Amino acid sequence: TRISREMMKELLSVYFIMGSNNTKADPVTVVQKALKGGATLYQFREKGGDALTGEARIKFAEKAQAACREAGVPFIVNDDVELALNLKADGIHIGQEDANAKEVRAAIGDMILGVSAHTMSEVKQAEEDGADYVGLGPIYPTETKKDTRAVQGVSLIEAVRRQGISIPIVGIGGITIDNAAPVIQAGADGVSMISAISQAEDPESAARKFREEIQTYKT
């Protein structure tokens, strides 16, 4: 069957997202350090300019997935349903324009399904379509993606919970160790980030601090 709501919420705690172009250091090493530090979930997101393509992309994906397996953390693939199926990934994350969530849910069996949502209606539709979790953002100003909607703070998260919507939620967009707390307090089940860890001088320590911080506010 699909993942349980309870387990999904635990996995979203410290959700690290990264592609080879999000760090000036060795990509594979940064991922391994994030996992060693405490990341509870990892998403393979290789996009933008200078992104790896073809065999080079697959090899990185395979290495990232191996680090995830060895750390006992699920491996999520961004957008590429075919790759997710080919690599036997633990899940897939899709956006609003990328595909038809209902069709993706049917094609991936019981894999974890994540959908990016930005409005109340999108959140409700995602759950109805079969999503196991929703990614809401950008919470704070970001420069890593540079193709996001306007910053929305934690007001939408609060509104969703106020209505009684219980779907697992992860916040994303400009999240740092210093602004993560309010996201959890608003009702999110975790925080997702790229730069806060990928560009940190000490990725392992960064993930560790996030782990402790999220644990504290979820308690």
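Residue numbers here begin at 1 and follow the sequence given.
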Would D129 be found without coordinates in at least a third of the other compared entries?
no
What about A186, is it left unmodelled in a third or more of the other PDB entries we looked at?
no
On average, are the C-alpha B-factors higher in 187-195 or in 155-163?
155-163
Between 101-109 and 140-148, name whichever shows the higher mean Cα B factor according to the PDB entry.
140-148
For the CA B factor values reported in this entry, which option in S116, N78, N86, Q125 has the top one?
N86
Looking at the entry's B-factor column for C-alpha atoms only, identify whether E82 ranks in the lowest, middle or highest third of its chain.
highest
Going by the recorded CA B-factors, say which third of the chain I58 sits in, lowest, middle or highest.
middle
In terms of the chain's CA B-factor thirds, is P27 lowest, middle or highest?
highest
Would you mind checking where the Cα B-factor of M120 ranks among the modelled residues of its chain, as the lowest, middle or highest third?
highest
Based on the deposited C-alpha B factors for this chain, I'd like to know if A71 is in the lowest, middle or highest third.
highest
